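Protein chains in written order, with the deposited numbering: chain T, 8 to 106; chain Q, 2 to 100; chain P, 1 to 83; chain L, 5 to 128; chain D, 2 to 209; chain H, 1 to 138.
All C-beta atoms, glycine included, are put in the ideal place defined by N, C-alpha and C.
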Amino acid sequence: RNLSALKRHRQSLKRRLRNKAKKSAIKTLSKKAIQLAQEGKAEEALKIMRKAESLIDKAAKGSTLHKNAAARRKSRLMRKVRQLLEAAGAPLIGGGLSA
Amino acid sequence: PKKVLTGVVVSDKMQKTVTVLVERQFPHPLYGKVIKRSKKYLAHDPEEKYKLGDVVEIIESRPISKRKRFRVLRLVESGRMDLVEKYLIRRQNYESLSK
Amino acid sequence: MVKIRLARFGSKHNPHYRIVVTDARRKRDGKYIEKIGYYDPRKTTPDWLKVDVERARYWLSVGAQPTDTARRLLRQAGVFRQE
Amino acid sequence: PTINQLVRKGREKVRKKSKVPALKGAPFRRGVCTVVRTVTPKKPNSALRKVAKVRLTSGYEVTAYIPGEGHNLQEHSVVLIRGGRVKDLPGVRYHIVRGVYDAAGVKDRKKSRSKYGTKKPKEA
Amino acid sequence: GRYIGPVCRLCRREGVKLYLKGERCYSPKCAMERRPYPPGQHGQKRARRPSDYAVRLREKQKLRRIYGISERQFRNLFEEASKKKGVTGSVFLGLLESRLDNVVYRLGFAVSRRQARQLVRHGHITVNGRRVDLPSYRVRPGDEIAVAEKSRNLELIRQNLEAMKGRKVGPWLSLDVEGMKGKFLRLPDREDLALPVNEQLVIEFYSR
Amino acid sequence: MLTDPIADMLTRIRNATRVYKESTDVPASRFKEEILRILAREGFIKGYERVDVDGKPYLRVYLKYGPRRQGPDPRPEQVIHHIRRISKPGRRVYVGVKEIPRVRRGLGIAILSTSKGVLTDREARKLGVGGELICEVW
RNA sequence: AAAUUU
RNA sequence: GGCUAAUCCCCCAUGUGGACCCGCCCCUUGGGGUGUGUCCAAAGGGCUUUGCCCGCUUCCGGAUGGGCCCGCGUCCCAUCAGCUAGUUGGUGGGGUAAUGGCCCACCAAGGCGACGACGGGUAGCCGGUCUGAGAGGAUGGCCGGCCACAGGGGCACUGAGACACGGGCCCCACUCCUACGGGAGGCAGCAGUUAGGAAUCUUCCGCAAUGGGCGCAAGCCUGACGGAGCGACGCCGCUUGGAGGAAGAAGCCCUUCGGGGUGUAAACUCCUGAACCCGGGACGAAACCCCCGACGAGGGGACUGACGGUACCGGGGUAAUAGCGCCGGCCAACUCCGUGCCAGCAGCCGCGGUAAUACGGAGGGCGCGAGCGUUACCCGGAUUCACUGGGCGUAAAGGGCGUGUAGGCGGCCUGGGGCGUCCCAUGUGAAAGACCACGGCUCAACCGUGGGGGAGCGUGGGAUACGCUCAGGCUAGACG
Ligand SMILES: [K+]
Ligand SMILES: [K+]
Ligand SMILES: [K+]
Ligand SMILES: [K+]
Ligand SMILES: [K+]
Ligand SMILES: [K+]
Ligand SMILES: [K+]
Ligand SMILES: [K+]
Ligand SMILES: [K+]
Ligand SMILES: [K+]
Ligand SMILES: [Mg+2]
Ligand SMILES: [Mg+2]
Ligand SMILES: [Mg+2]
Ligand SMILES: [Mg+2]
Ligand SMILES: [Mg+2]
Ligand SMILES: [Mg+2]
Ligand SMILES: [Mg+2]
Ligand SMILES: [Mg+2]
Ligand SMILES: [Mg+2]
Ligand SMILES: [Mg+2]
Ligand SMILES: [Mg+2]
Ligand SMILES: [Mg+2]
Ligand SMILES: [Mg+2]
Ligand SMILES: [Mg+2]
Ligand SMILES: [Mg+2]
Ligand SMILES: [Mg+2]
Ligand SMILES: [Mg+2]
Ligand SMILES: [Mg+2]
Ligand SMILES: [Mg+2]
Ligand SMILES: [Mg+2]
Ligand SMILES: [Mg+2]
Ligand SMILES: [Mg+2]
Ligand SMILES: [Mg+2]
Ligand SMILES: [Mg+2]
Ligand SMILES: [Mg+2]
Ligand SMILES: [Mg+2]
Ligand SMILES: [Mg+2]
Ligand SMILES: [Mg+2]
Ligand SMILES: [Mg+2]
Ligand SMILES: [Mg+2]
Ligand SMILES: [Mg+2]
Ligand SMILES: [Mg+2]
Ligand SMILES: [Mg+2]
Ligand SMILES: [Mg+2]
Ligand SMILES: [Mg+2]
Ligand SMILES: [Mg+2]
Ligand SMILES: [Mg+2]
Ligand SMILES: [Mg+2]
Ligand SMILES: [Mg+2]
Ligand SMILES: [Mg+2]
Ligand SMILES: [Mg+2]
Ligand SMILES: [Mg+2]
Ligand SMILES: [Mg+2]
Ligand SMILES: [Mg+2]
Ligand SMILES: [Mg+2]
Ligand SMILES: [Mg+2]
Ligand SMILES: [Mg+2]
Ligand SMILES: [Mg+2]
Ligand SMILES: [Mg+2]
Ligand SMILES: [Mg+2]
Ligand SMILES: [Mg+2]
Ligand SMILES: [Mg+2]
Ligand SMILES: [Mg+2]
Ligand SMILES: [Mg+2]
Ligand SMILES: [Mg+2]
Ligand SMILES: [Mg+2]
Ligand SMILES: [Mg+2]
Ligand SMILES: [Mg+2]
Ligand SMILES: [Mg+2]
Ligand SMILES: [Mg+2]
Ligand SMILES: [Mg+2]
Ligand SMILES: [Mg+2]
Ligand SMILES: [Mg+2]
Ligand SMILES: [Mg+2]
Ligand SMILES: [Mg+2]
Ligand SMILES: [Mg+2]
Ligand SMILES: [Mg+2]
Ligand SMILES: [Mg+2]
Ligand SMILES: [Mg+2]
Ligand SMILES: [Mg+2]
Ligand SMILES: [Mg+2]
Ligand SMILES: [Mg+2]
Ligand SMILES: [Mg+2]
Ligand SMILES: [Mg+2]
Ligand SMILES: [Mg+2]
Ligand SMILES: [Mg+2]
Ligand SMILES: [Mg+2]
Ligand SMILES: [Mg+2]
Ligand SMILES: [Mg+2]
Ligand SMILES: [Mg+2]
Ligand SMILES: [Mg+2]
Ligand SMILES: [Mg+2]
Ligand SMILES: [Mg+2]
Ligand SMILES: [Mg+2]
Ligand SMILES: [Mg+2]
Ligand SMILES: [Mg+2]
Ligand SMILES: [Mg+2]
Ligand SMILES: [Mg+2]
Ligand SMILES: [Mg+2]
Ligand SMILES: [Mg+2]
Ligand SMILES: [Mg+2]
Ligand SMILES: [Zn+2]
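This is how it looks when you write it as structure tokens:
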């Protein structure tokens with residue numbers, strides 16, 4: 008006895024599963040990278056931070072991880088990685104971090 | 002323009018924070034008498050530069066914390082503990098009227 | 001978007017419109033940004049339509065969108081005339 | 005008082021206590037009678053006044069006066085009361101509105117009819 | 002309502018000869034010529050010294066019943082005059098004299114103000130060409146009050162404008178008798194009106 | 001001490017004129033003297049002058065009265081019929097130029113203290129400045 | 001004892 | 001479980017540019033620029049079809065709308081005097097578009113309060129409105145602005161934007177379906193029902209006008225809205241006739257029995273023609289669209305009326321609703337009879353117990369009049385909470401007295417500052433309302449246009465008499 012705008016509801020559900028997915032990846036990868044920065048493995052840490060930044064920006068392409076919240080995540084990630092590598096040194100792969 | 006007040010530091014007991022008491026005179030809305038009201042503002046001192054009794058200027062700032070919305074612009078004049086003593090006496094008088 | 005439209009201000013059976021710039025989301029008789037003219041549909045007075053031309057050109061330059069009726073009234077007032 | 009006292013204490017606005025606690029600020033209130041008695045007036049006068057203790061829909065149960073020459077108000081009579089007091093009757097602060105739900109208008113009334121609920125008489 | 006009823010009883014009660022019937026208030030039949038005392042059973046009895054409120058109320062009632070205007074429009078006109086700049090009394094009199102029915106009466110189109118009210122209400126009067134049927138219409142300086150061309154053949158207008166030959170009109174009015182029209186030249190001054198009313202008493206009456 | 005020296009001077013003048021004295025001594029001060037200048041300029045007094053009492057300087061105000069009247073109470077008409085202080089300590093009165101009072105519809109004066117000196121109501125209105133409404137005299 | 005002071 | 005399309009999702013590329021770490025420069029909180037490194041783009045469709053239209057992507061800016069923060073203002077109760085544990089601050093994080101103790105760890109012990117915290121009560125706030133000489137008091141309905149809420153409570157998702165009235169989830173109360181396992185619903189949208197109440201409407205017409213959503217457009221949707229209906233609820237306009245008409249019909253009421261009153265009032269005479277009956281008959285509606293031009297400017301063409309055969313105009317044409325309150329004083333209007341402290345009246349003083357201008361009726365009169373009264377409530381009078389504008393010997397009111405804290409108040413002279421105070425310029429003070437002028441509905445109510453305003457606050461500049469502050473001096477107050 009109701010109106011078909013329930014369609015919207017359905018769509019939202021799909022989009023929900025689409026967003027929750029992407030974020031769930033990003034966070035995970037982030038943790039991984041940070042771990043490799045805490046343990047000193049620099050090449051692997053930066054090689055994974057590159058993919059983390061890529062996923063962040065690609066999620067920013069859509070409505071999942073949109074405007075500068077994505078830059079916030081990228082900034083915090085790169086800052087933490089560069090700081091944890093300075094406790095060990097030797098930024099091997101020379102990826103996202105500038106010289 | 003960001004509001005600028007002028008007051009007295011009456012509490013340095015906090016970390017990186019001061020309590021600036023600011024007075025103001027104005028005619029009563031109905032009785033015309035020039036009455037004097039006062040208000041305390043929590044101002045930000047990031048260097049612990051200002052101490053008790055210092056008369057300082059205060060500038061409206063981006064919020065530093067709840068209840069803390071002002072920074073200390075400059076030092077108007079050095080410590081004059083007379084106003085701090087007046088405030089402390091006005092506070093201590095509150096213990097005499099309980100029951 | 002911001003639109004140029006007509007607001008009803010006359011009494012019952014006595015319509016009087018204000019040619020007005022306002023956000024499309026607000027009600028038609030609500031707080032408008034600026035009154036750029038007025039329009040009397042029944043032609044009661046010799047001046048039943050007045051429009052500020054320079055202001056209309058400004059609001060069109062910044063990106064306002066007039067209604068079909070508002071565009072008709074502005075065209076009758078030579079807002080778009082480039083002769 | 006000095007201006008300083010006026011700044012400290014300030015003048016005190018006076019509130020008027022309502023003479024008609026017919027609640028909700030209503031102009032009239034409906035009620036059902038309980039007793040229809042006869043009360044004697046105070047010192048300067050002497051008569052037999054017609055009063056009725058009305059139980060109100062406002063939650064109150066107050067005595068109210070029955071104007072007019074004659075009335076027909078039994079125990080279970082439902083009547084509407086209005087403001088206005090009877091001076092020579094201590095405790096009576098409300099009137100009965102004659103012509104409302106049980107209280108017929110005063111019969112053979114010809115001078116002041118609208119005040120006692122009597123309709124205009126017939127042909128001249 | 003316009004009070005409709007007996008009129009010369011007001012000629013009696015007000016104590017001053019009023020002209021509410023037009024004629025017959027000039028003839029020895031006004032009942033004010035032969036019965037100057039107020040009406041009622043207690044009209045011939047010795048009057049008591051009236052109060053100040055009595056004097057002011059009777060004066061205002063005289064001024065109002067002269068024009069036959071209801072208390073509503075009367076109070077509205079008084080407040081309107083008091084809002085304006087200038088002497089309240091003279092402006093009030095100029096407003097009352099500006100009423101279309103009173104202008105019709107002053108121009109001699111009707112013998113009485115109530116006959117003028119009936120003439121206006123029935124569309125027999127035009128203003129600047131357009132027919133107007135409102136006694137409360139306000140005439141402005143420069144307006145031409147004319148008789149309807151379709152009504153100029155009626156008997157009453159023939160009689161009234163046949164008696165207006167040779168008669169004079171107010172200083173603030175002009176009259177063309179052949180064309181059956183006239184002009185409202187200006188607002189009348191207090192000196193122009195011969196009303197037996199003290200306007201300051203009415204101002205004080207509404208000052209209460 | 002005196003809580004309001006200006007009101008004290010005005011009250012001295014009032015009480016002195018009410019008994020038809022010749023002159024009255026008020027403790028000297030530049031403010032009181034600048035007020036007495038306006039008083040003498042407007043004609044409410046015959047004038048003032050600095051004098052010396054036993055050790056301290058004072059101001060002798062020479063009062064002014066009207067002609068002796070007939071009938072009962074031949075005491076002359078007072079030149080200063082009324083003199084009242086307005087901006088008192090504890091409730092000070094400040095007025096803008098458009099808020100200056102017209103005393104007795106022009107027949108009186110209102111002494112103002114403005115940034116351009118001590119003036120009268122018409123003087124301050126002509127200068128176009130307001131200030132502290134010291135007193136009114138008429 | 002009440003009302004009315006005429 | 002299986003098949004499939006895309007402006008659905010994804011990968012790689014192109015890097016105008018942008019995002020991030022780090023360094024440098026300008027700027028000064030996270031603003032702008034630059035270098036290296038890294039990372040990030042896209043979607044097609046329609047034709048009048050190889051040329052345009054609707055789009056798409058990245059970036060800068062505009063405009064609009066909003067989030068957050070701060071100064072000042074915003075009711076009563078002190079028979080509420082102490083309040084506070086995320087409480088106050090810090091560091092580091094999480095979180096958001098963004099600051100923040102918003103949230104979380106660790107550390108410091110703080111934060112607020114008689115200048116009224118905390119607590120209780122009441123209440124959306126304002127533009128305004130009512131009243132008032134003004135100051136002020138009261139109020140926040142219609143319309144306009146902001147807020148909050150959508151049976152009660154809590155929560156997230158989607159999205160530029162929601163913690164989403166006619167979206168979702170859970171708990172609670174209620175109603176309905178039920179195969180008893182489980183489900184459905186949420187008028188404070190329009191109208192309407194019922195309950196409560198002294199009391200508040202039609203289960204109406206329409207997409208024509210204005211506005212809104214989608215669409216290239218045609219067009220679709222719109223209980224927004226435009227109208228009609230009901231209710232003297234208010235405001236305004238209008239009618240129930242106009243003129244002649246007796247020293248004065250009758251009836252009715254008084255009466256000194258002579259007469260007086262109702263009263264030109266009526267009947268009547270003449271005249272106009274509310275109602276109604278016909279005929280014509282709207283403005284509100286010219287754009288979107290099509291054609292020419294160039295899908296531009298410009299020109300031209302066509303369609304479209306709910307109200308409604310309503311308004312309005314012309315002709316014809318009938319004398320054709322008046323009621324309500326009051327008549328002792330305040331307060332304008334007096335007699336008769338009945339009644340006999342009875343029956344009753346009354347806003348206050350008061351009236352009635354035998355001859356009542358006060359009760360009841362009559363005659364007459366006064367006041368308003370399609371209204372008149374009553375009740376309730378607000379302001380007024382009320383200078384009766386007194387800022388303007390009051391008082392305290394005996395009328396209500398000086399504390400039983402002192403010492404003294406905070407606070408309030410501060411002798412004379414000079415100088416600096418310019419916080420109070422004052423002045424000039426400027427910004428703000430939306431519209432409507434209010435005021436003035438003109439104009440549109442035959443007037444008015446109503447409405448349009450134009451004008452004028454205005455306290456307060458921000459900014460720049462100036463003045464320094466007084467109040468303030470700082471520095472110095474004096475001795476008349478004070479103390480010794
Ligand atoms: K304490
Ligand atoms: K680069
Ligand atoms: K902007
Ligand atoms: K919703
Ligand atoms: K005719
Ligand atoms: K065109
Ligand atoms: K006709
Ligand atoms: K009886
Ligand atoms: K009676
Ligand atoms: K005031
Ligand atoms: Mg849908
Ligand atoms: Mg859909
Ligand atoms: Mg995981
Ligand atoms: Mg989101
Ligand atoms: Mg200070
Ligand atoms: Mg400190
Ligand atoms: Mg902090
Ligand atoms: Mg909006
Ligand atoms: Mg034109
Ligand atoms: Mg153009
Ligand atoms: Mg019964
Ligand atoms: Mg006037
Ligand atoms: Mg006036
Ligand atoms: Mg000011
Ligand atoms: Mg004046
Ligand atoms: Mg002059
Ligand atoms: Mg008695
Ligand atoms: Mg499948
Ligand atoms: Mg298949
Ligand atoms: Mg896409
Ligand atoms: Mg580049
Ligand atoms: Mg790529
Ligand atoms: Mg692709
Ligand atoms: Mg092709
Ligand atoms: Mg499309
Ligand atoms: Mg903003
Ligand atoms: Mg908190
Ligand atoms: Mg923090
Ligand atoms: Mg969000
Ligand atoms: Mg607290
Ligand atoms: Mg405070
Ligand atoms: Mg509430
Ligand atoms: Mg007024
Ligand atoms: Mg007013
Ligand atoms: Mg006011
Ligand atoms: Mg309020
Ligand atoms: Mg509202
Ligand atoms: Mg509203
Ligand atoms: Mg409900
Ligand atoms: Mg809820
Ligand atoms: Mg719920
Ligand atoms: Mg969207
Ligand atoms: Mg909400
Ligand atoms: Mg919801
Ligand atoms: Mg609903
Ligand atoms: Mg459901
Ligand atoms: Mg009921
Ligand atoms: Mg309705
Ligand atoms: Mg329909
Ligand atoms: Mg439409
Ligand atoms: Mg449309
Ligand atoms: Mg409507
Ligand atoms: Mg009317
Ligand atoms: Mg007659
Ligand atoms: Mg005829
Ligand atoms: Mg047309
Ligand atoms: Mg073409
Ligand atoms: Mg065209
Ligand atoms: Mg259409
Ligand atoms: Mg039709
Ligand atoms: Mg006709
Ligand atoms: Mg009288
Ligand atoms: Mg009575
Ligand atoms: Mg009363
Ligand atoms: Mg008898
Ligand atoms: Mg009798
Ligand atoms: Mg009587
Ligand atoms: Mg009668
Ligand atoms: Mg009424
Ligand atoms: Mg009152
Ligand atoms: Mg008062
Ligand atoms: Mg007063
Ligand atoms: Mg009182
Ligand atoms: Mg006082
Ligand atoms: Mg008193
Ligand atoms: Mg006493
Ligand atoms: Mg004593
Ligand atoms: Mg002190
Ligand atoms: Mg002290
Ligand atoms: Mg001093
Ligand atoms: Mg001091
Ligand atoms: Mg100085
Ligand atoms: Mg200053
Ligand atoms: Mg305005
Ligand atoms: Mg206006
Ligand atoms: Mg007009
Ligand atoms: Mg101004
Ligand atoms: Mg300045
Ligand atoms: Mg200076
Ligand atoms: Mg000193
Ligand atoms: Mg001594
Ligand atoms: Zn007469």
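_Spatial neighbours of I83 of chain H within its chain, please: C-beta separation below 7 Å, excluding the five flanking residues on both sides._
Translated into the one-based positions of the sixth sequence, residue 83 of chain H becomes position 83. For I83 of chain H, where only same-chain residues beyond five positions count, the Cβ hits under 7 Å are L10, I13, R14, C135 and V137.
*asked:* I need the straight-line Cα distance from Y20 of chain D to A128 of chain L, nearest angstrom please.
replied: Residue numbering aside, residue 20 of chain D sits at position 19 when the fifth sequence is read from its first letter. Residue numbering aside, residue 128 of chain L sits at position 124 when the fourth sequence is read from its first letter. If you take the alpha carbons of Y20 of chain D and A128 of chain L, they lie about 33 Å apart.
*Look at the Cβ atom of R102 of chain L, then the Cβ atom of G72 of chain L, and state whether they are nearer than 8 Å.*
What you label residue 102 of chain L is simply residue 98 of the fourth sequence in a count that begins at 1. What you label residue 72 of chain L is simply residue 68 of the fourth sequence in a count that begins at 1. Yes.
*Say the cut is 7 Å; is the CB of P48 of chain L nearer than that to a heavy atom of ligand 27?*
Counted from its first residue, the fourth sequence places residue 48 of chain L at position 44. Yes - ligand 27 has a heavy atom lying nearer than 7 Å to the Cβ of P48 of chain L.
*asked:* I'd like the span of the alpha helix (DSSP H) that includes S61 of chain P, first residue to last.
replied: As a first step, residue 61 of chain P is located in the third sequence; it is residue number 61 there, counting from the start. Taken as a continuous stretch (DSSP letters only), the alpha helix (DSSP H) holding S61 of chain P covers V53 to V62.
*Curious, which full-length beta strand (DSSP E) runs of at least 3 residues does the stretch 19-96 of chain Q contain?*
35-45, 56-66 and 69-78
_Residues, ordered as in the chain, of the stretch 29-58 of chain Q that lie near chain L by beta-carbon distance below 7 Å_ = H29, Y32, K34 and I36
_I'd like to check one pair, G47 of chain H with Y62 of chain H: are the Cβ atoms closer than 8 Å?_
Position 62 of the sixth sequence, counted from the first residue, corresponds to residue 62 of chain H. Position 47 of the sixth sequence, counted from the first residue, corresponds to residue 47 of chain H. Closer than 8 Å, so yes.
*In the DSSP assignment, what are the bridge partners of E34 of chain D?*
As a first step, residue 34 of chain D is located in the fifth sequence; it is residue number 33 there, counting from the start. Answer is none; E34 of chain D lacks a bridge partner.
_Restricting to Cα atoms, I'd like to know which of Q:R91, Q:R70, Q:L98 and Q:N94 is closest to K3 of chain Q._
In the second sequence, the residue the question calls residue 3 of chain Q occupies position 2. Nearest C-alpha to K3 of chain Q: Q:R70.
*Can you pull the chain Q residues whose beta carbon is under 9 Å from the beta carbon of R92 of chain H, in chain order?*
Counting from one through the sixth sequence, the residue named residue 92 of chain H turns up at place 92. What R92 of chain H touches in chain Q: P28, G33, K34 and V35.
_Continuous alpha helix (DSSP H) stretch holding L6 of chain P: start and end_ = On the third sequence, position 6 is the one that residue 6 of chain P refers to. Element bounds for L6 of chain P: not the alpha helix (DSSP H) but the beta strand (DSSP E), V2 to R8.
_Short of 7 Å in beta carbon distance, which residues of its chain neighbour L36 of chain T, apart from the five on each side in sequence? Order them along the chain._
As a first step, residue 36 of chain T must be located in the first sequence, where it is residue number 29. Correct list, in chain order: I55, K58, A59 and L62.
*What are the boundary residues of the alpha helix (DSSP H) that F75 of chain D is part of?*
Within the fifth sequence, the letter at position 74 stands for residue 75 of chain D. Element bounds for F75 of chain D: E72 to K84.
*Indicate whether the contact test is met: 3 or more Cβ pairs, each with one atom in the stretch 125-133 of chain H and one in the stretch 90-98 of chain H, closer than 8 Å.*
yes
*Classify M181 of chain D as buried or exposed, calling it buried when 16 or more other Cβ atoms lie within 10 Å of its own Cβ.*
Working through the fifth sequence from its first residue, we reach residue 181 of chain D at position 180. With 16 or more other Cβ atoms within 10 Å, it is buried.
*Just mark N103 of chain D as buried or exposed, buried being the case when its beta carbon has 16 or more other beta carbons within 10 Å.*
Here residue 103 of chain D is taken as the residue at index 102 of the fifth sequence, counted from 1. When all chains shown are included, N103 of chain D counts as buried.
_Bridge partner(s) assigned by DSSP for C9 of chain D_ = Against the fifth sequence, residue 9 of chain D aligns to sequence position 8. None, per the DSSP bridge assignment.
*Assess, as a yes-or-no matter, whether the stretch 91-98 of chain D is touched by the stretch 176-190 of chain D under the definition of 3 or more beta carbon pairs within less than 8 Å.*
Below 8 Å, enough C-beta pairs join the stretch 176-190 of chain D and the stretch 91-98 of chain D to call them touching: three or more.
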